[PDB]
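Structural characterization, general
The primary structure of each chain is shown beneath.
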Amino acid sequence: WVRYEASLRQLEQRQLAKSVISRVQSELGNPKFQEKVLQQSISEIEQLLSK
Amino acid sequence: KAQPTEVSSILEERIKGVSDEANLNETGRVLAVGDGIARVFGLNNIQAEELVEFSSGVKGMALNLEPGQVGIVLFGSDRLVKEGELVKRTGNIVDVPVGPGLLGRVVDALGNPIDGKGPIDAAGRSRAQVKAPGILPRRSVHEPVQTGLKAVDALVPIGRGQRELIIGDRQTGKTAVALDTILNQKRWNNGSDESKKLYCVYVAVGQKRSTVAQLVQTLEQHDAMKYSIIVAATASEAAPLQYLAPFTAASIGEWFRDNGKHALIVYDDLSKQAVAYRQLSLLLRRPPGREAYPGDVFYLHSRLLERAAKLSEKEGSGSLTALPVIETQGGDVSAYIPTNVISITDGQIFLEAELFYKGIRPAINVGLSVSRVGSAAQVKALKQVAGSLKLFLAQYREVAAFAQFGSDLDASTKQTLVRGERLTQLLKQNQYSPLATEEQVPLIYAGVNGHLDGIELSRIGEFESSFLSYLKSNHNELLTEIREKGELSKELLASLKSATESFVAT
Amino acid sequence: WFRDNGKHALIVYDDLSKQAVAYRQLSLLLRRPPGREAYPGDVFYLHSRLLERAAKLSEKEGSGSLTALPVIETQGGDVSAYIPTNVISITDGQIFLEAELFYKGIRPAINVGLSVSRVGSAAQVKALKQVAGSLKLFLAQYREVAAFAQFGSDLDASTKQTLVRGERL
Amino acid sequence: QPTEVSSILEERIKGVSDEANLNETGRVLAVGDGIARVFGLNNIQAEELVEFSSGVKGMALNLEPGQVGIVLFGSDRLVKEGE
Amino acid sequence: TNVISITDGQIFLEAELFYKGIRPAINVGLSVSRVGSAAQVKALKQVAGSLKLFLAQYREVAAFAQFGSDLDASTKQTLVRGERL
Amino acid sequence: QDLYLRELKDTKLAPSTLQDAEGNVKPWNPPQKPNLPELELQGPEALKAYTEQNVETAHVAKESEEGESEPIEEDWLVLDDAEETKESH
Amino acid sequence: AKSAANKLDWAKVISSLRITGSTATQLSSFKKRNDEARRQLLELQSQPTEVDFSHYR
Amino acid sequence: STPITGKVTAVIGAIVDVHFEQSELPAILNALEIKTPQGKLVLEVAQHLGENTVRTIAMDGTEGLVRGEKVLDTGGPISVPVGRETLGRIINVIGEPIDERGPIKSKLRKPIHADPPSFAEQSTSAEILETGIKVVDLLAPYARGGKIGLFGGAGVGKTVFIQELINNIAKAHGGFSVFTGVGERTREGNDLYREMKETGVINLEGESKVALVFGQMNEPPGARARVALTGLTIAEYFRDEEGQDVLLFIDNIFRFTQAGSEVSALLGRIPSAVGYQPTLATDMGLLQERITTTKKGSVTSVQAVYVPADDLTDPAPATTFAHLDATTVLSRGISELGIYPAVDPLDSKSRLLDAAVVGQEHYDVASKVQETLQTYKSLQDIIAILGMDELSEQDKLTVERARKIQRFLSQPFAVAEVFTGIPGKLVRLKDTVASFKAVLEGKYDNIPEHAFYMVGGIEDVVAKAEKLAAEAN
Amino acid sequence: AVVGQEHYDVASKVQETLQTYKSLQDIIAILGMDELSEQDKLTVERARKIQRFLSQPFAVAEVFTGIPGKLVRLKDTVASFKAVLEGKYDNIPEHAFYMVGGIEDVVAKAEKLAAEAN
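Residues numbered from 1 in each chain as written, not as in the entry; some residues may be left out. Chains lettered and ligands numbered in written order. Part of a larger assembly, values for the part shown. Heavy atoms only, no water. Residues with missing side-chain atoms left out of burial classes, pairs and counts.

Looking at the entry header, you'll see cryo-EM listed as the method and 4.2 Å as the resolution.

**Topic: the overall build of chain E**
Cut-off, in case you're wondering: In this text, helices come from DSSP runs of H or I with a minimum length of four residues, and strands from runs of E with a minimum of two, each type numbered from the N-terminal end.
When helices and strands are tallied, chain E shows 4 helices and 2 strands. Counting from the amino terminus, helix and strand elements in chain E follow one another as α-β-α-β-α-α. In terms of overall dimensions, chain E has a C-alpha envelope of 45 × 30 × 20 Å along the principal axes.

**Structural notes on the overall build of chain F**
Basically, it comes down to this: Here the radius of gyration uses the C-alpha set of atoms, whereas the globule reference equals 2.2 Å times the residue count to the power 0.38.
A tally of helices and strands in chain F yields 3 helices and 0 strands. Going from the N terminus to the C terminus, chain F shows its helices and strands as α-α-α. Expected size for 89 residues packed as a compact globule is a radius of gyration near 12 Å; at 35 Å, chain F overshoots this value by more than 25%. Dimensions of chain F, computed from C-alpha atoms along their principal axes, come out at roughly 105 × 25 × 15 Å.

**Overview of the interface of chain B and chain H**
Counted only if it meets this: The contact criterion used is simple: two residues touch if any of their non-hydrogen atoms lie within 4.5 Å. Three residue categories are used. Nonpolar comprises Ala, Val, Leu, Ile, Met, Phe, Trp, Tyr, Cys and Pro, charged comprises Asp, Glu, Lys and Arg, and polar comprises the others, including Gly.
Of the residues lining the interface, 17 residues belong to chain B; the matching set on chain H comes to 17 residues. Here the residues of the side of chain B that touches chain H sort into 7 nonpolar, 3 polar and 7 charged.

**A closer look at the sheet that holds strand β9 (residues 164-167) of chain B**
This is how the line gets drawn: Note on pairing: two strands pair once DSSP finds at least 2 bridges between them.
Strand order in the open sheet formed by 3 strands is β9-β14-β15 (chain B), with mixed pairing between adjacent strands. On the outer flanks of this sheet lie β9 and β15 (370-371) of chain B, each paired with one strand and no other.

**With respect to the pairing of strand β3 (residues 31-34) of chain H**
Residues and elements named next belong to chain H. Note: β3 against strand β4 (residues 41-48), 4 bridges, orientation antiparallel. The residue bridging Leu32 from the neighbouring strand is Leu43, located in β4. If you look at the hairpin formed by β3 and β4, you'll find 6 residues sitting between the two strands, and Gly39 has a positive phi there, around 80 degrees. Bridge count between β3 and strand β6 (residues 72-73): 2 bridges; the pairing is antiparallel. From the neighbouring strand, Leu32 faces β6, where its bridge partner is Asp73.

**Topic: the packing of helix α4 (residues 239-257) of chain B against helix α5 (residues 270-284) of chain B**
Residues and elements named next belong to chain B. Here is the rule: To define axes, lines are fitted to C-alpha atoms, for helices over the stretch in contact only, and angles between the resulting N-to-C directions are given on a 0 to 180 degree scale. In these notes the angle categories are as follows: under 35 degrees is roughly parallel, over 145 is roughly antiparallel, 65 to 115 is roughly perpendicular, and the rest is oblique. Should the near helix be turned counterclockwise from the far one by less than a right angle, the crossing is left-handed, whereas a clockwise turn marks it as right-handed.
Interhelical geometry of α4 versus α5 gives an angle of 125 degrees and a closest axis separation of 8 Å. Put simply, α4 runs oblique to α5. Note that α4 runs across α5; the crossing there is left-handed. Contacts from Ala239, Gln242 and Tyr243 in α4 reach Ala276, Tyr277 and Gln279 in α5. Here the contact of α4 with α5 is composed, by residue class, of 4 nonpolar, 2 polar and no charged.

**So, the arrangement of the chains**
Of all 9 pairs of chains that touch, the greatest number of contacts is found between chains B and H. You won't find any contact between chain A and chain C; their C-alpha atoms come no closer than 43 Å.

**Let's talk about the pairing of strand β5 (residues 70-73) of chain B**
Residue and element names in this part refer to chain B. Two strands pair when backbone bridges link them, and strand β2 (residues 37-40) and β5 are joined in this way by 4 bridges, in the antiparallel orientation. The residue bridging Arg39 from the neighbouring strand is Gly71, located in β5. As paired strands, strand β4 (residues 62-65) and β5 are joined by 3 bridges and run antiparallel to one another. Each bridged residue has a counterpart across the sheet, and for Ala62 the counterpart in β5 is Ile72. Here β4 folds back onto β5, and the loop between the two strands holds 4 residues, one of which, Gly68, carries a positive phi near 85 degrees.

**Some remarks on the sheet that holds strand β11 (residues 302-303) of chain H**
All names here are of chain H. Strand order in the open sheet made by the 3 strands is β9-β10-β11, with parallel pairing throughout. Where the open sheet ends on each side, the last strands, each with one partner, are β9 (177-180) and β11. As paired strands, strand β10 (residues 247-250) and β11 are joined by 2 bridges and run parallel to one another. Its bridge partner lying in β11, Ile250 is registered against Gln303.

**A few points about the packing of helix α4 (residues 221-240) of chain H against helix α5 (residues 253-267) of chain H**
Residues and elements named next belong to chain H. Orientation of α4 relative to α5, taken along the N-to-C sense of each, is 135 degrees, at an axis distance of 8 Å. Judged on the interaxial angle alone, α5 and α4 are oblique. Crossing angle aside, the handedness with which α4 passes α5 is left-handed. Seen from α4, the contacting residues are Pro221, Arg224 and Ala225; seen from α5, they are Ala259, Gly260, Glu262 and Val263. Per-class residue counts for the contact of α4 with α5 are 4 nonpolar, 1 polar and 2 charged.

**Here we look at the environment of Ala235 of chain B**
Its place among the elements puts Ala235 of chain B in the loop between β11 (231-234) and α4. In the structure, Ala235 of chain B is positioned 30 residues away from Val205 of chain B in sequence and 8.1 Å away in space, judged by C-alpha atoms. Those residues within four positions of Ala235 of chain B in sequence are excluded, and the remaining contacts are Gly206, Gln207 and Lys208 of chain B together with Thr282 of chain H.

**A word on unusual backbone geometry**
In this structure, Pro24 of chain E follows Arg23 of chain E across a cis peptide bond, with omega equal to 5 degrees. Of note, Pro24 of chain E is situated in the loop between α2 (15-19) and β2 (32-33). At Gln171 of chain B, a residue that is not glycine, the phi angle is positive and equals roughly 55 degrees. Topologically, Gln171 of chain B is positioned in the loop between β9 and α2 (174-183). You will see that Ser17 of chain D, though not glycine, has its phi angle at about 55 degrees, which is positive. Note that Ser17 of chain D resides in the segment before β1 (26-27).

Structure, rendered in structure tokens:
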């Protein structure tokens, strides 16, 4: 039973990773990269202004 | 796993902080990569021998800080890596996640856990190449230990910091000799005694991962993983990983012994480590040296072994005794790596090819094997009383040396031959059966006192077991004292003689 | 060009080992990186391609036949060598005509134990096989029994007849 | 890939890029471990004894096209680059 | 090899001879000299013409005496002559 | 970070669909709930002794063997045999 | 104190010069020793006749 | 689509150098395809040398490769069809149907170079696997997802046993079987292929059970280096695409390691101490470290080894013989001694038979069978030297039992439909261990041993004994 | 003229004997000690005794051999070796020639072996 539990736990992370692939595909497919570009610009501006 | 989600959030928060404080504008771009070595431009201010973090995910050490093109080997597969990917300077010399928590965990090159048990705590992450203690911070081998298997061990001890070495052919099970040696960290370590503690840390330098699984299972079943940290480097793993692995074991040994407790180590097959150094040198740009192997083979081997020592009470009187294991082809004692290492290590136990199929599961060449400290740091049972038994071991080995085709000059030589041959058929401590500091001297003492020698040679294979069990359940006080009193006194010798009479009787 | 016409033939790549050495020199001069035994590893590639050229064709294309007669140079029986090993393995056989038997005066002095033609039966002539079955055992027994050279008087009389048979064969 | 790189190897380094007045005197570009390269001596006789200004003599067994190398027959501590 | 191909010959003083007590240790059998007695004072030559052959014979009986057994008259005489020489 | 926050969202609400919500997965045809939770829960006993491992089959320890309390017949023959063995003592 | 239990039989064998030839007493001694050996094996090799329900569940 | 342009600039022997555009250069080991007049030349990205120049070692003979030829990066490992559709033919390591019996319309195409699997979810407590060979099903403490090879004799009836093992394992366990010939001779390949078309494990129309993925000598050294991985990936695909436990057979570990050494030399590495080069081990470590047992079945491959001169001075053969668990002494004489399979369980030595490891009954059967056989062998070389009269009562009984074990050891061969017509016969552990124990328990000891020859399990053993004793007198 | 004409002769004889033993070792192993000359056999026995006399107990090596170290006097050692080649103790025990001091300790060891070994 414990071994079955350990294997199912690994199956959980594997399935999470498999759905994470679709989640990543969503990020490119949705143009939230447009909503991400301004965030990238602001973060880089803050980083350069840090020092 | 909601905990996996929390771990993902924490790691991505760390990554967001890293991105916000990238501080990487002129950091290097990998110009080219191959054979686990990546030629990378830029990185204009990278401190030498500092890990470099690469975009493809696999990191690697930076060895040759050549004029301009700073050479960083890839500590991982190349199918991911590619030229031009950004190279991020980790800013730190290669350091290994080290500390007492790694117990029972199999860690990758720098210390990445590989079993699948998650994080293991750290009591310090020190660089993989530490400077060993010199003269004053060093000390003698004043505290002995047990090799577990009798394994010609009372003959040639393995004491505090005794840098012993081995040798053997392919599939010689010298690895098994190591494993049994480790298992002895259950009759002292599994108690509560730090002075008896010798917290072993095996290594896995370039072995088939199936053999790694076999080692892990044999560690768990006999309950060894409670006291052995087995750093792993797969054959499928990349060359820089295998090369750096012995340095990682050195780091773990420092993290343990430097704390002040007497610890031990046993490097895996180090011939694979040498082959890895060969790959690292002959593949990056460095011209080859003697025996077609890289020139600094001795340098690397020493920097591994020389880390092990037995510091003085000034440093806590702790020690990191080491049992580096080297491999040859055809049991070749005469080789560049073998002979050069045998100069570095202070003890040798030669495992042959014939005897490996001829007469002994141990098959340790007693005459060939030697250790540079027999008196100082030997089992006080095996010397303080049985020192004559040690000289008798040397004498009987010399006796069996001449036992090939000479005639029967007298009866003295023949008697020595028969008794010593019964002794040799006896002394092989069966695999994964470490049980020693209780009747070690008994074999030679009974042979000279004529207790076992009167038994048939073949029958000894069970006669010894019966004698041991009789000492256990019948001579329990005397046997337990020999375990604990630390010496087999003349009175204890007489009581053991009585127990020997009882064993001969029943 | 002969074989695909459907006919038979026999090629003799005489002393292919020297051809391999020539390839080794060609690689070294052409600056191809040296490898084991310092010949370019491509020696095996060229040798395999040159060796798998010949075989017996099927009735699909008319069934051409071709026999190879390559030779090598046993540098002290250079078994651990690269070129000799590739020459042996690539060949469907190893009639390792060691020098020692030639030195006993014998002009065609093959080695009894070493020669093992895997696909020989498929080319064997049955009538010869009828007798060679006993010849093989006689040779194996001669090899097995010539060990007791200095204790032959006490040797079994049947063993003596077996030795006589081995010597006669 | 339009072509190859700018080059493969080199023989000389220093950047005067002008006429050669080092026909009797030399420039010790590379010097060390008892072997020293010398720039100069345009037409020296092969295996001619040559004197380094610091005070150690030398014989010139190497006359490679760019620089000619001369053995430093003594303790090399006195020699230095550019001497 | 190059010297032995260019030099006049050799006095190949093998270590066994010097260990065998014969100091100096010219291993006569392993020695050689292309010039030879033609470049020698004949006073030496009259005795060396026999000395060389006697050493040669001793080389022929060294193995026989190495066996450490008896033989014919010529062999034993040769062994005694060679050892004495 | 937007690339971090968006990743967390798409990897959490979708992780909700996979695990934290009993919505199985639309991208993957067979739900693991109808696959793992009960049938593969017998996979643990499929590797174990089925209906026998968790059960631990009843096997009461039996009695050892003895002479059936038989001194009418075994005792006299035993005595004669032991005396016969004593004839070569 | 299992030493004494076989001590009497060991002494008897030491004095069995009149008792030598025991056809079916050495077999009984073997049975008694086998019982002790299996008992020690059950004691040592087998874990507790219990369940580590404190944490394992 | 973005076909990354190339330029065939330097073909240094087999190793080739192709320069491409910035940001389009394929990563290391990504397969590259050039389709010359001689079909398609496959390149595996060998090294990234910079300068937007990719050096590759082609998986085909680069003869006829021209300067200025543009190379496209297929963006992954070697492309090859996958599924049970192509299973049972000659499939070029290049991928296309080398069988010439029609292109493998395996719409799914699977790579070659693969990531090593997760050792964490593997079989540490590996499952004992029944092969169908009772002799190897009784005295061999085994495991799932591992390896075993003792091929010994060079296919003297073993390739006949090979297709038979393929059929049996594909039948009982419901899986596939992969017999991959790396550097297997085109003549040897022709013989094996005609033999298998006659043997049924794979048929031009009938149902196939075995995988013939051969990378022969007839191609470049890189092809020999990567064809074995092509076969292993094909086997893993068919196993995981049907949950089918597939046993794998390998041509020669020595063959693959030597080919990898050849290629590694070709790359540019320096020679090592003896006959190696800078990357000897990782070659075979590429495939064999990724063939292990999963929940969907197992991957317990087999490596065919003919012990070259029976000498253990080759490190690869030593590690391979260490890979196997018990040894089947396939002596040629034994093949004629009464066993068509002749798999001697005499050399079935292993310490894995523990009270909690190999099962008490199975290990006891192992001990009894091996001890009987070894005692027969030991008493032979002494008693038969003395004479047949030297048979003691114990010796005569043990010799009768041992000869019973040897005669019974054979089983009818399933792929021997042409041999004598014997229908398919094997055992199973439930029949196997118990029947071995019972036949060793004197159950039919009185019955003559001639019944044991050509006799499978107790299922038809009794029927055969009755048939022999009845319809003759 | 360095350590004495007698010392030079003693060393020369000792080296000649040991070289004889090494030279005859091949025939000794191949055939046996009996198959050669009794003069050769005598020289071989004396040489074996001499080689077994070559070792000595060193003051710090007492870790290995266990005996307190012995420093053999140069003149005493030369005399002992001249005697041993000359057969002034050729009947002493071989095992009583290893790990002792001068020939005096050799004779003491021979007497001890006469007491113990018997």
